[PDB]
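J.: For reference, this is data.txt, and it has compact mmCIF, C-alpha atoms and all ligand atoms.
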```txt
# COMPACT_ATOMS: atom_id res chain seq x y z
CA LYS S 14 68.55 113.72 9.38
CA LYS S 15 68.43 112.23 12.89
CA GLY S 16 70.85 114.21 15.08
CA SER S 17 70.08 112.77 18.51
CA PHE S 18 70.93 109.07 18.92
CA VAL S 19 69.46 108.66 22.44
CA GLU S 20 69.80 104.89 22.35
CA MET S 21 73.55 104.88 21.55
CA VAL S 22 74.75 107.63 23.94
CA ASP S 23 76.87 106.41 26.87
CA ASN S 24 76.84 102.95 25.26
CA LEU S 25 80.62 102.56 25.91
CA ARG S 26 82.54 101.60 29.08
CA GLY S 27 86.22 101.22 30.00
CA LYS S 28 88.73 100.66 32.80
CA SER S 29 91.51 103.27 32.35
CA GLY S 30 94.54 102.32 30.27
CA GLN S 31 92.65 99.12 29.39
CA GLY S 32 90.45 100.49 26.57
CA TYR S 33 86.79 101.25 25.77
CA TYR S 34 84.38 98.40 25.09
CA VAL S 35 80.80 97.90 23.98
CA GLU S 36 78.18 95.25 24.81
CA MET S 37 77.29 92.88 21.96
CA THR S 38 75.47 89.52 21.69
CA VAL S 39 76.24 86.54 19.43
CA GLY S 40 74.69 83.17 18.64
CA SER S 41 71.04 82.22 19.10
CA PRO S 42 69.79 82.36 21.65
CA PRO S 43 71.95 85.46 22.20
CA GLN S 44 75.05 85.24 24.37
CA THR S 45 76.26 88.55 25.79
CA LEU S 46 79.88 89.65 25.34
CA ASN S 47 81.83 92.79 26.11
CA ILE S 48 83.68 93.53 22.91
CA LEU S 49 86.47 96.11 22.71
CA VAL S 50 86.36 99.06 20.30
CA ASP S 51 89.43 99.16 18.05
CA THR S 52 89.66 101.46 14.97
CA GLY S 53 93.12 99.97 14.38
CA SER S 54 92.17 96.43 13.41
CA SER S 55 89.76 94.68 11.10
CA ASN S 56 89.11 91.27 12.62
CA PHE S 57 86.06 90.79 14.85
CA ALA S 58 87.15 88.24 17.51
CA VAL S 59 85.94 86.68 20.76
CA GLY S 60 87.00 84.50 23.69
CA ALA S 61 85.89 81.07 22.51
CA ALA S 62 87.16 78.81 25.27
CA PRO S 63 87.80 79.08 28.99
CA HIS S 64 90.77 81.23 30.09
CA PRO S 65 91.66 82.73 33.52
CA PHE S 66 91.22 86.38 32.49
CA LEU S 67 87.90 85.73 30.76
CA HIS S 68 84.81 85.99 32.95
CA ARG S 69 82.76 84.20 30.30
CA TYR S 70 82.84 83.17 26.63
CA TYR S 71 81.21 82.25 23.33
CA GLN S 72 80.23 78.61 22.88
CA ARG S 73 79.57 77.71 19.23
CA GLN S 74 77.77 74.54 20.28
CA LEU S 75 74.89 76.46 21.83
CA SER S 76 73.99 78.75 18.90
CA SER S 77 71.53 77.30 16.45
CA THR S 78 72.47 80.10 14.09
CA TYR S 79 76.11 79.01 14.34
CA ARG S 80 78.11 77.99 11.25
CA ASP S 81 81.77 77.11 10.75
CA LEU S 82 84.00 78.38 7.93
CA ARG S 83 86.41 75.49 8.60
CA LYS S 84 89.55 77.64 8.75
CA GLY S 85 91.97 78.87 11.37
CA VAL S 86 93.37 82.33 11.94
CA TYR S 87 95.56 84.26 14.30
CA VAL S 88 96.60 87.87 14.58
CA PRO S 89 99.77 89.47 15.97
CA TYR S 90 99.15 92.73 17.80
CA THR S 91 101.84 95.09 19.04
CA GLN S 92 102.56 92.86 22.05
CA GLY S 93 99.97 90.13 22.50
CA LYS S 94 98.45 87.69 20.01
CA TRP S 95 95.57 85.19 19.63
CA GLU S 96 94.78 82.03 17.63
CA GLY S 97 91.21 81.28 16.73
CA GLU S 98 88.98 79.34 14.38
CA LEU S 99 86.77 81.22 11.90
CA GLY S 100 83.01 80.92 11.50
CA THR S 101 79.85 83.04 11.27
CA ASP S 102 76.74 83.74 13.31
CA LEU S 103 74.25 86.43 14.21
CA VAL S 104 75.63 89.54 15.90
CA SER S 105 73.60 92.34 17.52
CA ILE S 106 74.30 95.46 19.58
CA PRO S 107 71.89 95.99 22.53
CA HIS S 108 72.63 99.70 22.66
CA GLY S 109 73.25 100.25 18.98
CA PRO S 110 71.15 100.25 15.80
CA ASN S 111 68.27 97.79 16.24
CA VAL S 112 69.50 95.46 13.52
CA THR S 113 70.84 91.93 13.53
CA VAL S 114 73.56 91.05 11.06
CA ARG S 115 75.66 88.05 10.14
CA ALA S 116 79.35 88.81 10.53
CA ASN S 117 82.57 86.82 10.46
CA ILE S 118 84.00 85.71 13.80
CA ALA S 119 87.30 84.28 14.91
CA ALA S 120 86.53 82.04 17.86
CA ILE S 121 89.67 82.57 19.91
CA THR S 122 91.11 79.21 20.99
CA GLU S 123 94.71 80.04 22.04
CA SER S 124 96.09 83.39 23.29
CA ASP S 125 99.29 84.94 24.65
CA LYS S 126 99.39 88.44 26.22
CA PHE S 127 95.99 89.32 24.76
CA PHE S 128 93.34 89.20 27.49
CA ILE S 129 94.07 91.50 30.42
CA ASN S 130 93.50 90.41 34.00
CA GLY S 131 90.08 91.71 35.01
CA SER S 132 89.69 94.04 32.02
CA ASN S 133 86.04 93.03 31.78
CA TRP S 134 86.04 92.70 27.98
CA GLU S 135 86.09 89.32 26.25
CA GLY S 136 86.84 90.21 22.64
CA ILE S 137 87.83 92.79 20.08
CA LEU S 138 85.89 94.55 17.33
CA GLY S 139 88.32 95.77 14.72
CA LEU S 140 86.51 98.64 13.06
CA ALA S 141 89.18 99.41 10.44
CA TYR S 142 89.38 98.41 6.77
CA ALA S 143 89.63 94.96 5.13
CA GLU S 144 93.07 95.81 3.71
CA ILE S 145 94.72 94.63 6.93
CA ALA S 146 92.34 91.97 8.25
CA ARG S 147 93.85 88.47 8.67
CA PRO S 148 93.95 85.93 7.05
CA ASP S 149 93.61 88.46 4.20
CA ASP S 150 91.45 91.15 2.56
CA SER S 151 88.81 88.51 1.84
CA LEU S 152 87.58 88.18 5.43
CA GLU S 153 84.91 90.88 5.30
CA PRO S 154 85.14 93.19 8.41
CA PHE S 155 82.12 93.39 10.73
CA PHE S 156 81.21 97.02 9.98
CA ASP S 157 81.17 96.19 6.28
CA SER S 158 78.50 93.52 6.90
CA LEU S 159 76.42 95.66 9.26
CA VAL S 160 76.36 98.07 6.30
CA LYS S 161 75.43 95.86 3.33
CA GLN S 162 72.84 93.95 5.37
CA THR S 163 70.94 96.82 6.96
CA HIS S 164 70.36 100.50 6.34
CA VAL S 165 72.74 102.07 8.88
CA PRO S 166 74.59 104.87 7.02
CA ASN S 167 78.19 104.03 6.12
CA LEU S 168 79.84 105.94 9.00
CA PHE S 169 80.32 105.85 12.79
CA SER S 170 81.47 108.29 15.49
CA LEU S 171 83.39 108.06 18.78
CA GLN S 172 83.48 109.98 22.02
CA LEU S 173 85.98 108.68 24.57
CA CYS S 174 85.98 110.38 27.99
CA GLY S 175 88.89 109.65 30.27
CA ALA S 176 88.66 110.48 33.96
CA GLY S 177 90.46 112.13 36.88
CA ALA S 187 87.35 105.72 38.03
CA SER S 188 85.81 103.78 35.07
CA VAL S 189 86.06 105.64 31.77
CA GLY S 190 82.91 106.08 29.67
CA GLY S 191 82.05 107.23 26.14
CA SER S 192 79.75 107.00 23.14
CA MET S 193 79.86 104.95 19.99
CA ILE S 194 77.24 106.25 17.59
CA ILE S 195 76.81 103.87 14.69
CA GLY S 196 75.60 105.25 11.39
CA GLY S 197 75.33 108.85 12.50
CA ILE S 198 76.59 111.92 14.36
CA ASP S 199 75.17 113.07 17.69
CA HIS S 200 75.00 116.83 17.90
CA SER S 201 75.01 116.77 21.72
CA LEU S 202 78.40 115.03 22.02
CA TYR S 203 80.30 118.06 20.63
CA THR S 204 80.58 121.88 20.58
CA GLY S 205 81.53 124.29 17.81
CA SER S 206 82.62 123.17 14.35
CA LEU S 207 83.50 119.69 13.12
CA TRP S 208 86.55 119.79 10.85
CA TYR S 209 87.34 117.07 8.36
CA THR S 210 90.66 115.68 7.12
CA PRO S 211 91.06 113.25 4.20
CA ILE S 212 91.65 109.53 4.72
CA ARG S 213 94.79 109.14 2.63
CA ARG S 214 94.41 105.38 2.02
CA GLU S 215 91.67 102.92 3.02
CA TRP S 216 93.71 100.31 4.93
CA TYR S 217 94.21 101.84 8.37
CA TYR S 218 92.64 105.21 9.13
CA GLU S 219 95.73 106.95 7.74
CA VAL S 220 95.74 110.73 7.99
CA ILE S 221 98.44 113.43 7.67
CA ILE S 222 99.98 115.90 10.13
CA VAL S 223 101.58 119.00 8.56
CA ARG S 224 102.90 120.96 11.54
CA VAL S 225 103.26 120.27 15.25
CA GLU S 226 103.75 122.70 18.12
CA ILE S 227 104.13 122.59 21.91
CA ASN S 228 102.47 125.57 23.64
CA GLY S 229 102.02 127.27 20.27
CA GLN S 230 105.69 126.98 19.38
CA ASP S 231 106.66 125.26 16.13
CA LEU S 232 108.53 121.94 16.59
CA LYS S 233 109.92 122.88 13.17
CA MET S 234 110.68 119.68 11.24
CA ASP S 235 110.06 118.60 7.67
CA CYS S 236 106.45 117.58 8.04
CA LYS S 237 107.54 114.23 6.57
CA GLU S 238 109.00 113.09 9.88
CA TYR S 239 105.52 113.43 11.41
CA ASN S 240 104.18 110.83 8.97
CA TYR S 241 107.34 108.73 8.63
CA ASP S 242 105.86 105.37 7.74
CA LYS S 243 102.32 106.50 8.47
CA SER S 244 99.99 108.28 10.89
CA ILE S 245 96.78 106.68 12.15
CA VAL S 246 93.82 107.21 14.45
CA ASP S 247 93.83 104.07 16.62
CA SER S 248 91.31 103.91 19.48
CA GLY S 249 92.83 100.53 20.19
CA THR S 250 95.96 102.29 21.34
CA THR S 251 96.22 104.28 24.58
CA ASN S 252 99.28 106.51 24.03
CA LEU S 253 100.11 109.26 21.57
CA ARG S 254 102.86 107.50 19.62
CA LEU S 255 105.33 109.55 17.61
CA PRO S 256 108.17 108.59 15.21
CA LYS S 257 111.72 108.33 16.60
CA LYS S 258 112.97 111.80 15.60
CA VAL S 259 109.77 113.68 16.41
CA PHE S 260 109.47 112.05 19.85
CA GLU S 261 112.81 113.39 21.09
CA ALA S 262 112.11 116.84 19.64
CA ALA S 263 108.75 116.89 21.44
CA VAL S 264 110.00 115.78 24.87
CA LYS S 265 112.78 118.40 24.77
CA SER S 266 110.36 121.20 23.94
CA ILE S 267 107.73 120.03 26.45
CA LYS S 268 110.53 119.48 28.89
CA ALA S 269 111.61 123.09 28.41
CA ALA S 270 108.08 124.35 29.09
CA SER S 271 107.78 122.42 32.34
CA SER S 272 111.24 123.35 33.70
CA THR S 273 109.71 124.94 36.82
CA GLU S 274 109.92 121.40 38.15
CA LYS S 275 112.22 118.67 36.84
CA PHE S 276 111.42 114.95 36.62
CA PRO S 277 113.53 111.75 36.47
CA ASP S 278 114.52 110.53 33.00
CA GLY S 279 112.29 107.56 33.80
CA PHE S 280 109.18 109.71 33.81
CA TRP S 281 109.58 111.09 30.28
CA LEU S 282 110.26 107.50 29.26
CA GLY S 283 107.10 106.19 30.88
CA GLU S 284 109.13 103.97 33.23
CA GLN S 285 108.20 106.00 36.30
CA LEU S 286 105.14 107.87 37.52
CA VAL S 287 104.92 111.28 39.17
CA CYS S 288 102.67 112.35 42.05
CA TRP S 289 101.56 115.52 43.85
CA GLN S 290 99.67 116.24 47.08
CA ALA S 291 95.91 115.56 46.86
CA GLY S 292 94.63 117.49 43.85
CA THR S 293 97.55 119.92 43.68
CA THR S 294 98.68 119.03 40.18
CA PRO S 295 100.79 121.73 38.45
CA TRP S 296 98.53 121.39 35.39
CA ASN S 297 99.44 124.89 34.29
CA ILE S 298 103.11 124.16 33.72
CA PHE S 299 102.67 121.54 31.07
CA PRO S 300 102.17 123.00 27.56
CA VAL S 301 99.28 122.38 25.15
CA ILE S 302 99.96 120.28 22.04
CA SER S 303 98.69 120.96 18.53
CA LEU S 304 98.59 118.74 15.51
CA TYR S 305 97.87 120.30 12.16
CA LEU S 306 96.03 117.89 9.85
CA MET S 307 95.77 118.31 6.09
CA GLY S 308 92.35 119.86 5.58
CA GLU S 309 89.92 119.01 2.78
CA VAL S 310 90.33 122.17 0.70
CA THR S 311 93.68 122.55 -1.07
CA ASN S 312 96.29 124.46 0.94
CA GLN S 313 93.83 124.70 3.83
CA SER S 314 94.30 122.80 7.13
CA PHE S 315 93.01 122.79 10.71
CA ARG S 316 94.43 121.98 14.18
CA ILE S 317 93.50 119.93 17.25
CA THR S 318 95.04 120.84 20.59
CA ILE S 319 95.14 118.70 23.75
CA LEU S 320 95.95 119.21 27.42
CA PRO S 321 98.17 117.75 30.08
CA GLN S 322 94.90 116.23 31.31
CA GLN S 323 95.06 114.13 28.13
CA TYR S 324 98.69 113.04 27.93
CA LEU S 325 99.39 112.58 31.64
CA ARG S 326 97.17 109.50 32.09
CA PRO S 327 96.34 109.17 35.81
CA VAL S 328 97.38 106.07 37.76
CA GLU S 329 95.79 104.35 40.74
CA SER S 334 97.84 106.76 49.50
CA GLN S 335 96.80 110.43 49.50
CA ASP S 336 98.33 111.39 46.13
CA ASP S 337 97.47 111.80 42.47
CA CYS S 338 100.04 110.00 40.33
CA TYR S 339 100.35 110.11 36.54
CA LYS S 340 102.11 108.33 33.72
CA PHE S 341 103.53 110.26 30.79
CA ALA S 342 101.40 109.08 27.83
CA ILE S 343 103.53 110.37 24.95
CA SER S 344 105.96 107.67 23.78
CA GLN S 345 108.19 106.71 20.84
CA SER S 346 107.27 104.48 17.96
CA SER S 347 109.04 103.03 14.93
CA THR S 348 105.81 102.31 13.04
CA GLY S 349 104.58 105.81 12.20
CA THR S 350 102.59 108.26 14.36
CA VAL S 351 99.74 106.79 16.41
CA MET S 352 97.02 109.16 17.52
CA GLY S 353 95.67 106.95 20.31
CA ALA S 354 93.51 107.78 23.35
CA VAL S 355 95.53 110.74 24.67
CA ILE S 356 94.45 112.43 21.45
CA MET S 357 90.93 111.10 21.03
CA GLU S 358 89.87 111.63 24.67
CA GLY S 359 89.69 115.31 23.81
CA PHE S 360 87.51 115.18 20.74
CA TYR S 361 84.40 113.92 18.98
CA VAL S 362 85.88 111.93 16.13
CA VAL S 363 83.66 111.16 13.16
CA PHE S 364 84.86 108.23 11.04
CA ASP S 365 83.00 109.17 7.85
CA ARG S 366 83.76 106.22 5.57
CA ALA S 367 81.20 107.16 2.92
CA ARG S 368 83.19 110.27 2.07
CA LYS S 369 86.67 109.03 2.81
CA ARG S 370 87.35 111.40 5.75
CA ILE S 371 87.45 112.08 9.54
CA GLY S 372 85.98 114.89 11.60
CA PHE S 373 87.33 116.42 14.82
CA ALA S 374 85.25 118.65 17.12
CA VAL S 375 85.73 119.56 20.79
CA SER S 376 84.57 116.74 23.05
CA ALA S 377 81.73 117.82 25.34
CA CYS S 378 82.65 115.23 27.97
CA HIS S 379 86.45 115.67 27.93
CA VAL S 380 88.47 116.49 31.04
CA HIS S 381 89.89 120.04 31.23
CA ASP S 382 90.55 122.50 34.09
CA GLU S 383 88.95 125.85 34.89
CA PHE S 384 91.56 127.72 32.85
CA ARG S 385 92.31 125.75 29.62
CA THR S 386 90.19 123.59 27.28
CA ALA S 387 90.90 121.28 24.34
CA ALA S 388 90.05 122.82 20.98
CA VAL S 389 89.75 122.53 17.21
CA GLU S 390 90.42 125.70 15.20
CA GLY S 391 90.74 126.53 11.51
CA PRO S 392 91.47 127.32 8.76
CA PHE S 393 95.14 128.04 8.19
CA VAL S 394 96.54 128.69 4.73
CA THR S 395 99.26 125.99 4.66
CA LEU S 396 101.15 125.19 1.46
CA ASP S 397 102.62 121.95 0.09
CA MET S 398 100.69 119.64 2.43
CA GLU S 399 100.33 116.51 0.31
CA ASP S 400 104.11 116.40 0.39
CA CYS S 401 103.97 115.84 4.14
CA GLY S 402 102.84 112.35 3.29
CA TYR S 403 105.19 109.37 3.14
CA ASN S 404 105.57 107.47 -0.14
CA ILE S 405 107.55 104.23 -0.35
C1 LIG D 1 96.62 93.60 13.42
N1 LIG D 1 97.25 94.82 12.92
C2 LIG D 1 96.96 95.27 11.55
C3 LIG D 1 98.12 95.54 13.73
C4 LIG D 1 99.39 95.01 14.11
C5 LIG D 1 100.27 95.76 14.95
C6 LIG D 1 99.88 97.04 15.41
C7 LIG D 1 98.63 97.58 15.05
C8 LIG D 1 98.18 98.93 15.54
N2 LIG D 1 96.92 98.73 16.27
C9 LIG D 1 97.07 98.36 17.69
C10 LIG D 1 95.71 98.10 18.31
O1 LIG D 1 94.88 97.49 17.33
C11 LIG D 1 95.82 97.11 19.49
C12 LIG D 1 94.44 96.78 20.12
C13 LIG D 1 94.63 95.82 21.26
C14 LIG D 1 94.17 96.15 22.55
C15 LIG D 1 94.37 95.26 23.62
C16 LIG D 1 95.04 94.03 23.42
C17 LIG D 1 95.51 93.70 22.13
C18 LIG D 1 95.30 94.59 21.06
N3 LIG D 1 96.67 97.69 20.58
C19 LIG D 1 97.86 97.16 20.99
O2 LIG D 1 98.37 96.14 20.50
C20 LIG D 1 98.54 97.93 22.21
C21 LIG D 1 100.08 97.52 22.28
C22 LIG D 1 100.91 98.00 23.48
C23 LIG D 1 101.05 97.16 24.65
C24 LIG D 1 101.80 97.61 25.78
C25 LIG D 1 102.41 98.89 25.75
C26 LIG D 1 102.28 99.72 24.61
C27 LIG D 1 101.53 99.28 23.48
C28 LIG D 1 97.79 97.76 23.54
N4 LIG D 1 98.13 99.00 24.27
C29 LIG D 1 97.30 99.39 25.48
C30 LIG D 1 95.86 98.94 25.55
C31 LIG D 1 95.51 97.81 26.33
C32 LIG D 1 94.16 97.38 26.41
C33 LIG D 1 93.16 98.08 25.69
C34 LIG D 1 93.51 99.21 24.91
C35 LIG D 1 94.85 99.64 24.84
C36 LIG D 1 98.17 99.95 23.20
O3 LIG D 1 98.03 101.16 23.38
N5 LIG D 1 98.41 99.38 22.00
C37 LIG D 1 97.76 96.83 14.21
```
Can the structure in the file be given as C-alpha cells, please?

T.:
Amino acid sequence: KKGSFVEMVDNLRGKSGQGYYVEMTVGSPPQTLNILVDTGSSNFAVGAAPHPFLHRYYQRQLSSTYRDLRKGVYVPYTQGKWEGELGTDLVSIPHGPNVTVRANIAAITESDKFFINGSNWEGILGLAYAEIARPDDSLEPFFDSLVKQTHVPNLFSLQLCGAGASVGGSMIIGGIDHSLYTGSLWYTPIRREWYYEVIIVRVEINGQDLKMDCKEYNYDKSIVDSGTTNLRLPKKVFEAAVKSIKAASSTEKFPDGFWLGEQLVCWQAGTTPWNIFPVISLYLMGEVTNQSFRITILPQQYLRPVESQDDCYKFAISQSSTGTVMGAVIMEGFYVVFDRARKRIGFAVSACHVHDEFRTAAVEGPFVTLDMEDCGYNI
C-alpha cells in the first residue's frame, strides 16, 4: 500500500481566514481554476462569468468537452450565496491523482457575499455527501464521480497548516501519507452520511471537565467542516467554555468584545502570553464500544492571528445555533483522514502544525467511557 504520495504533498494553498484551496482544470482544452476545499458541502461550483473579485473564470463556450444539463441551481451558505447553471465537463487535478473524470458543475452566474476580495480562489469543491447537495441528492458529488470512474480508493485526507503569511497544507486523494503525521491515527464513527457528523462525549479546558450532559455538545449535530474557519459550539456550551477559558487566562483580562470576536488583542513583537491560555480537548466516540479518544488543541489554534510592530489575534471560538462545527481551529492541529469506505474519520497529530517550545497538539487514547451513543442527538 502506497504510503508516500509525493505528488499530492503541499498541493494546497490559502490566505489566512479565507480558506484552503487546490488547483484544478476544467473544459478542453483545460482551463485552470483555484477551487476551494470544503468538507461541509457537496456541490462542485465555479465562477462562470466575470465578477470584480474573480481574477479569471470558466467559459463553457471554449470547452469542446462541455455539455449542458439545462437546469439552474443555487446554494445558500451561512452568509453568502450563489446562483449558477448546471452542466458537465472534464475535471482534472494537476497535483492530484493522474486521472481525468467527468463531474457535475454549477457554472456560477449570479452571486452575493460569496467571492472574497482577492481571495485567489474562483470556486468551491464540496467534498461532503450527496444527502445535502442542491438541487437534491440526485446531483452526484464530484468525489463520488472521481471514485466510480477511476481507481482512486474511496477516501481522502487533509493536512491544514495555519501560520504565525499564506497558509499551506496537503490534500491526499485516495490515500494516507505517513509523513504528514506522528504517532497513532485514531478513528471515530461517521454517525450519518449526510455531513461528516461525528460525536463529542466530554469536553475540557486545561484538563478540567466542562461537565455538561454530553448531549449539549451535539445539540443538533457536530461536524468536521474545513469550509469553516472557527470552532463553533452550541449556545449553552459556548458560554460554559468562555467562562472556563476566561478563568484560566485571568492573569490578564480582555474586553467583552474580544471573547465575542468583535475586537482583536495585541502584544509587543512576539511576546504573546501563549502559556496563559488553556489547552482544549474534545472526546470523540471511539470505534470500540465504550472506548473513546481525545484531540487537544492550543491557543496557537484558536487565537487566529490578524494582519505596526505588534502581533494581534482574533478569538476563533464562537457560538452557533446549528450544532458544533469543528472548523479550522480544530483541523489545523491534526491530520484528518476522511475514510469514506469504512464510514469513519481519523485524527493524528499534524506534523506541520504550529505549536510553541513548551506545548504541542495531541491525540491520546483510549479512555473507558460509558453510554456514548447517548451523547448523540435524535429528533
Ligand atoms: C450548503 N449547506 C449544506 C450548508 C448551509 C449552511 C451551512 C453549512 C455549513 N458549511 C459551511 C461551509 O460549507 C461554508 C464554505 C464557504 C466558504 C467561503 C464562502 C462561502 C462558503 N462556510 C461558510 O459559509 C462560512 C460562514 C461564515 C461567514 C462569516 C463569519 C462566520 C461564518 C465562511 N466562513 C469563513 C471562511 C471564508 C472563506 C473561506 C473559508 C472560510 C466560515 O467559517 N463559514 C452548509

J.: What is the distance, in Å and to one decimal place, between atom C3 of ligand LIG 1 (chain D) and CA of residue 145 in chain S?

T.: 7.7 Å

J.: Identify which of the residues S:271, S:72, S:206, S:54 lies closest to ligand LIG 1 (chain D), counting all atoms listed in the file when measuring atom-to-atom distances.

T.: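 That would be S:54, the residue with the smallest distance to ligand LIG 1 (chain D).
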
J.: Return as a PyMOL selection string the residues of protein, DNA or RNA that approach ligand LIG 1 (chain D) to within 6 Å, with all atoms listed in the file taken into account.

T.: chain S and resi 30-32+51+53-54+88-93+127+145+249-252

J.: Between S:296, S:87, S:393, S:339, which is the closest to residue 381 in chain S once you count only C-alpha atoms?

T.: S:296

J.: Using only C-alpha atoms, which residues sit within 9 Å of range 300-307 of chain S once same-chain residues fewer than 4 positions away are excluded, as a PyMOL selection string?

T.: chain S and resi 209-211+220-229+267+270-271+296+311-321+385+387+395+398-399+401

J.: Figure out the distance between CA of residue 350 in chain S and CA of residue 231 in chain S, please, to one decimal in Å.

T.: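 Computing the Euclidean distance for CA of residue 231 in chain S and CA of residue 350 in chain S yields 17.6 Å.
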
J.: Which protein, DNA or RNA residues are at most 12 Å from (84.9, 116.7, 27.5) in the file's coordinates when you count all atoms listed in the file, listed as a ChimeraX atom specification?

T.: /S:172-177,189-192,201-204,319-320,322-323,357-361,374-382,385-388

J.: Hey, which of S:341, S:373, S:239, S:134 ends up closest to residue 299 in chain S? Count all atoms listed in the file.

T.: S:341

J.: To one decimal in Å, tell me the separation between CA of residue 258 in chain S and CA of residue 328 in chain S.

T.: 27.7 Å

J.: So which residues touch residue 99 in chain S within 6 Å, counting all atoms listed in the file, skipping near sequence neighbours fewer than 2 positions away, as a list in words?

T.: residues 82, 84, 85, 118 and 119 of chain S

J.: Limited to C-alpha atoms, could you put the picked residues into a file as a PDB file, keeping the file's coordinate frame?

T.:
```
ATOM      1  CA  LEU S  82      84.000  78.380   7.930  1.00  0.00           C
ATOM      2  CA  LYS S  84      89.550  77.640   8.750  1.00  0.00           C
ATOM      3  CA  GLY S  85      91.970  78.870  11.370  1.00  0.00           C
ATOM      4  CA  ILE S 118      84.000  85.710  13.800  1.00  0.00           C
ATOM      5  CA  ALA S 119      87.300  84.280  14.910  1.00  0.00           C
TER       6      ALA S 119
END
```

J.: Write out as a VMD selection string the residues lying within 12 Å of residue 276 in chain S, counting all atoms listed in the file and excluding same-chain residues fewer than 3 positions away.

T.: chain S and resid 264 267 to 269 271 to 273 279 to 288 340 to 341

J.: Could you check the closest approach to residue 263 in chain S for each of S:230, S:44, S:79, S:55 and tell me which residue wins, using all atoms listed in the file?

T.: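 When distances to residue 263 in chain S are compared using all atoms listed in the file, the smallest one comes from S:230.
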
J.: I'd like to know which of S:102, S:400, S:337, S:20 is closest to residue 199 in chain S, using only C-alpha atoms.

T.: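 For residue 199 in chain S, the nearest of the given residues is S:20.
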
J.: Pick out the residues sitting within 7 Å of residue 255 in chain S, and hand them over as an MDAnalysis selection string; count only C-alpha atoms, and ignore anything fewer than 2 positions along from it in its own chain.

T.: chainID S and resid 253 257 259:260 344:346 349:351

J.: Can I get a file of range 218-232 of chain S from the given structure, N, CA and C atoms kept, as an mmCIF file, in the first residue's frame?

T.:
```cif
data_model
loop_
_atom_site.group_PDB
_atom_site.id
_atom_site.type_symbol
_atom_site.label_atom_id
_atom_site.label_comp_id
_atom_site.auth_asym_id
_atom_site.auth_seq_id
_atom_site.Cartn_x
_atom_site.Cartn_y
_atom_site.Cartn_z
ATOM 1 N N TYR S 218 -20.349 15.323 7.598
ATOM 2 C CA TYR S 218 -19.400 14.429 8.248
ATOM 3 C C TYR S 218 -19.704 14.588 9.742
ATOM 4 N N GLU S 219 -20.855 14.048 10.136
ATOM 5 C CA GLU S 219 -21.333 14.114 11.510
ATOM 6 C C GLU S 219 -20.652 13.121 12.437
ATOM 7 N N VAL S 220 -20.052 13.661 13.491
ATOM 8 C CA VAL S 220 -19.361 12.861 14.488
ATOM 9 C C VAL S 220 -20.037 13.083 15.850
ATOM 10 N N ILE S 221 -19.406 12.611 16.926
ATOM 11 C CA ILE S 221 -19.941 12.828 18.271
ATOM 12 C C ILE S 221 -18.875 13.032 19.350
ATOM 13 N N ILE S 222 -19.054 14.133 20.081
ATOM 14 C CA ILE S 222 -18.209 14.553 21.200
ATOM 15 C C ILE S 222 -18.866 13.948 22.459
ATOM 16 N N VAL S 223 -18.079 13.474 23.416
ATOM 17 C CA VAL S 223 -18.670 12.868 24.604
ATOM 18 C C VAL S 223 -18.133 13.425 25.928
ATOM 19 N N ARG S 224 -17.328 14.474 25.830
ATOM 20 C CA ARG S 224 -16.733 15.096 27.002
ATOM 21 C C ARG S 224 -15.832 16.209 26.496
ATOM 22 N N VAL S 225 -15.873 17.361 27.143
ATOM 23 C CA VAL S 225 -15.034 18.474 26.734
ATOM 24 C C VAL S 225 -14.323 18.942 27.986
ATOM 25 N N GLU S 226 -13.154 19.540 27.832
ATOM 26 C CA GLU S 226 -12.414 20.034 28.987
ATOM 27 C C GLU S 226 -11.334 21.072 28.643
ATOM 28 N N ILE S 227 -11.363 22.187 29.367
ATOM 29 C CA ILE S 227 -10.394 23.267 29.190
ATOM 30 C C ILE S 227 -9.243 23.055 30.181
ATOM 31 N N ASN S 228 -8.023 22.932 29.668
ATOM 32 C CA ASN S 228 -6.862 22.703 30.519
ATOM 33 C C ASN S 228 -7.101 21.508 31.422
ATOM 34 N N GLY S 229 -7.558 20.411 30.817
ATOM 35 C CA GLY S 229 -7.802 19.167 31.528
ATOM 36 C C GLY S 229 -8.906 19.161 32.557
ATOM 37 N N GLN S 230 -9.706 20.219 32.601
ATOM 38 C CA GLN S 230 -10.793 20.295 33.568
ATOM 39 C C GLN S 230 -12.157 20.184 32.900
ATOM 40 N N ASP S 231 -12.884 19.140 33.289
ATOM 41 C CA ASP S 231 -14.213 18.840 32.768
ATOM 42 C C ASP S 231 -15.077 20.094 32.642
ATOM 43 N N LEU S 232 -15.812 20.223 31.534
ATOM 44 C CA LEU S 232 -16.712 21.368 31.330
ATOM 45 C C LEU S 232 -17.968 20.933 32.094
#
```
